[PDB]
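Peer 1: this one's experimental. Sequence and coordinates below.
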Number of protein chains: 2
Amino acid sequence: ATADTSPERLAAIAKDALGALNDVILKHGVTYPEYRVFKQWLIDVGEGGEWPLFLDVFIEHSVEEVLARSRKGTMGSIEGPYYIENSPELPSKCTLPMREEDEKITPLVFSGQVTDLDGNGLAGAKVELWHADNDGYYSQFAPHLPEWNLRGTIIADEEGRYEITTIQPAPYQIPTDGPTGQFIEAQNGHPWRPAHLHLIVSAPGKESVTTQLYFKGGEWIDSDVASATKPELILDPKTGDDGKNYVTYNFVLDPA
Amino acid sequence: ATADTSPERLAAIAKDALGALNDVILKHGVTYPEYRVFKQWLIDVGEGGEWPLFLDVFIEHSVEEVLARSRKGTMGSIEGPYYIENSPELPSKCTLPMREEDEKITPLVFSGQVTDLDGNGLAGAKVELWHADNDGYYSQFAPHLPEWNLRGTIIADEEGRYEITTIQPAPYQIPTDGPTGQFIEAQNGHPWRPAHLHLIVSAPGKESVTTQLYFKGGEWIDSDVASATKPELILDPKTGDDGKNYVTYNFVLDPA
Ligand SMILES: Oc1cccc(Cl)c1O
Ligand SMILES: Oc1cccc(Cl)c1O
Ligand SMILES: [Fe+3]
Ligand SMILES: [Fe+3]
């Protein structure tokens, strides 16, 4: 992993990042017992392997807020720690891989079209979906699950449309008996995320979008610990007489 | 290590610390290639065990600047990563433990008195000295050195005076082929400290002081990478006709 940044830019970055922190210590009168605790917690983050967690919850929102200024298409959001590459491909209309345990849960049917800025249909266009199960587990992040459970690469047809069936997600709680959750708990916070789909959407000759979609009445909707939920990405699914929840949603892709 | 801080205070602390950083990302337009690099570097700091180094160089100065508001005695400074407790005791006038390799170097003779705010003499009063050798190594931080090389606990007499002989320190360069030094080097900085004595000074019924002393014409004197050098802590040693450098310095101790 490399940035291709200059020493001039880094220097300016670190000066005000360090200036900022050093400024919070002065402003609040941070003591020496406090400093020791802090240092000890940074070691633990590393030792608990919680660096992508902590940063993704607490920092990635600004990185996407920056990228967000540059694009005219669908609203993006943070990737989070759990994306996996080359998930198995599925046809234009499909079901997401899932176990019998998953078959017990109210289904979600997710339809729409991948278009360009003008609104034209895009063939040979892909939707990478992934999200958590009713337990708040992600596959490849819990040994009891099959390695592509609720992950897939959806191949959109002739005109960019896709119809995808999966389950309807339940609120993810981030891990707590570790440094990130001890961080939240010592400040009387809450370790909850909204229920969400993660998606990378692409198509030839387009700047991909990475985003999330959420659910209209959901808990933790206006208190996302990751600060990653927007108005523009909240679905409002209607239920069929089959009893399955139904949503349509379209992705608008910028020029690459 | 425990602070005894409330959730209210921590919450306020983390809000503006996180707000601050998130504010630097927005201000500079930090990209996604940049973010990956950053995250990867935080893992390495941990994995290189460079957390007390990085923080002590870049952060501890504000913690002491805070404590500095509360005290009327000698000017303090940052401890740094290398203090060791219960170094062996020596009488009021002594020499610091050192090898034959150390005996080759111009000697430093360091005299003075530990007093109170009014200026009265303090018996049963201690000076913990430690510092680096002409190589820029600290004992217990390089396997080739004897475990108390240039460390000791000096026992001041009847009236708080001490006379201590050691070597005259050479400029410490912090480690470079690791994350902290790759941090400095990618921004065209310099990994140099001034030459310095570390000292903890105490006496019964007094708030100890932790500080450093530096040398009047030294290199890196106005570009200390740790930002830890003050005007008030720069010695000006005269050389004897024995050829040994001579300094007197007195420590003024606040009520505990
Ligand atoms: O499931 C998650 C866990 C932690 C952070 C984010 Cl952004 C997630 O989506
Ligand atoms: O020797 C040192 C190395 C790193 C930081 C400080 Cl403050 C030192 O004194
Ligand atoms: Fe998630
Ligand atoms: Fe030092």
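Peer 2: Noted; the coordinates are in hand. Numbers count the residues shown, from 1 in each chain, chains lettered A, B, ... in the order given. Ligands and ions are numbered 1, 2, ... in the order given.
Peer 1: from here on, contacts and neighbour counts on C-alpha atoms
Peer 2: Will do.
Peer 1: from what I see, residue A:225 and residue A:180 are in contact.
Peer 2: No: judged on C-alpha atoms under 8 Å, residue A:225 makes no contact with residue A:180 at a distance of 11.5 Å.
Peer 1: neighbour count winner among those two?
Peer 2: Between residue A:225 and residue A:180, counted using other C-alpha atoms under 10 Å in any protein chain shown, the more crowded position is residue A:180 (24 against 20).
Peer 1: how about the closest residue in space to the more buried one that isn't next to it in sequence, phi and psi?
Peer 2: If you skip the residues right next to it in sequence, residue A:180 has residue A:54 as its closest partner in space, 6.0 Å away by C-alpha to C-alpha, 6 or more residues apart in numbering or on different chains. Main-chain dihedrals, residue A:54, degrees, to the nearest 10: phi -70, psi -40.
Peer 1: thought residue A:54 was touching residue A:181?
Peer 2: No: counting by C-alpha under 8 Å, residue A:54 sits too far from residue A:181 to count as a contact (9.2 Å).
Peer 1: so which of the two has more stuff around it?
Peer 2: residue A:54 (20 against 16).
Peer 1: quick one, what contacts the closest residue in space to residue A:251 that isn't next to it in sequence?
Peer 2: Counting by C-alpha to C-alpha, 6+ apart, residue A:251 lies nearest to residue A:114, which is 4.8 Å off, once chain neighbours are set aside. Going by C-alpha atoms under 8 Å, 6 or more residues apart in numbering or on different chains, residue A:114 touches A:121-122, A:125, A:160-161, A:250-253.
Peer 1: got a ChimeraX select line for the buried ones in those?
Peer 2: To isolate the buried members of the contacts of residue A:114 in ChimeraX, using 16 or more other C-alpha atoms under 10 Å in any protein chain shown:
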select /A:121,122,125,160,161,251,252,253
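Peer 1: just the contacts of residue A:114: which are in strands?
Peer 2: Among those, DSSP state E puts A:125, A:161, A:251-253 in strands.
Peer 1: pull the most distant pair out of those residues.
Peer 2: Within these, A:161 and A:253 form the most distant pair, 13.6 Å apart (C-alpha to C-alpha).
Peer 1: who in the stretch 151-256 of chain A is up against chain B?
Peer 2: Residues of the stretch 151-256 of chain A lying near chain B by C-alpha under 8 Å from any C-alpha of the partner chain: A:186-188.
Peer 1: just give the closest residue to the residue of chain A most remote from its centre, not the sequence neighbours.
Peer 2: For chain A, the largest distance from the centre (C-alpha atoms, centre = their mean) belongs to residue A:32, which lies 37.0 Å off. Once flanking residues are discounted, residue A:32 sits nearest to residue B:63: 6.6 Å by C-alpha to C-alpha, 6+ apart.
Peer 1: contacts only, for the one you found.
Peer 2: A:25-26, A:29-32, A:35.
Peer 1: try 10 Å
Peer 2: Shown in contact with residue B:63 (C-alpha atoms under 10 Å, 6 or more residues apart in numbering or on different chains): A:22, A:25-26, A:29-32, A:34-35, B:77-78.
Peer 1: before we move on, the earlier item: quick check: neighbours shared by residue A:54 and residue A:181?
Peer 2: With C-alpha under 10 Å, 6+ apart, residue A:54 and residue A:181 have common neighbours residue A:174.
Peer 1: so where do the helices sit in chain A?
Peer 2: A:7-28, A:32-47, A:51-58, A:60-67, A:179-185 (DSSP state H).
Peer 1: quick check, the fourth one touching ligand 1?
Peer 2: Right, helix A:60-67. No: applying C-alpha under 6 Å from any ligand atom, one finds helix A:60-67 separated from ligand 1 by no less than 8.1 Å.
Peer 1: so which residue of the stretch 51-200 of chain A comes closest to ligand 2?
Peer 2: In the stretch 51-200 of chain A, no residue comes nearer to ligand 2 than residue A:51, which is 24.3 Å away by C-alpha to the nearest ligand atom.
Peer 1: ok, that residue touching residue B:39?
Peer 2: Yes: applying C-alpha atoms under 10 Å as the test, residue A:51 and residue B:39 come out as touching, 7.1 Å apart.
Peer 1: residue A:144: which of the helices of chain A is closest?
Peer 2: Of these, the one closest to residue A:144 (C-alpha to C-alpha) turns out to be helix A:51-58, at 20.8 Å.
Peer 1: quickly check: that closest one near ligand 1 or not.
Peer 2: Yes: Helix A:51-58 reaches ligand 1 (C-alpha under 6 Å from any ligand atom) through A:53, A:56-57.
Peer 1: name the member of these with the most neighbours.
Peer 2: In these, the most neighbours by other C-alpha under 10 Å go to residue A:57, 22 neighbours.
Peer 1: is it true that it touches residue A:184?
Peer 2: No: judged on C-alpha under 10 Å, residue A:57 makes no contact with residue A:184 at a distance of 11.2 Å.
Peer 1: which neighbours do these two share?
Peer 2: A:191, A:225.
Peer 1: on that earlier part again, export the ones in strands among the contacts of residue A:114 as JSON lines, with columns for distance to residue A:231.
Peer 2: As requested, the ones in strands among the contacts of residue A:114 are exported to JSON lines (distance: C-alpha to C-alpha, whole Å):
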{"residue": "A:125", "distance to residue A:231": "26"}
{"residue": "A:161", "distance to residue A:231": "24"}
{"residue": "A:251", "distance to residue A:231": "16"}
{"residue": "A:252", "distance to residue A:231": "17"}
{"residue": "A:253", "distance to residue A:231": "19"}
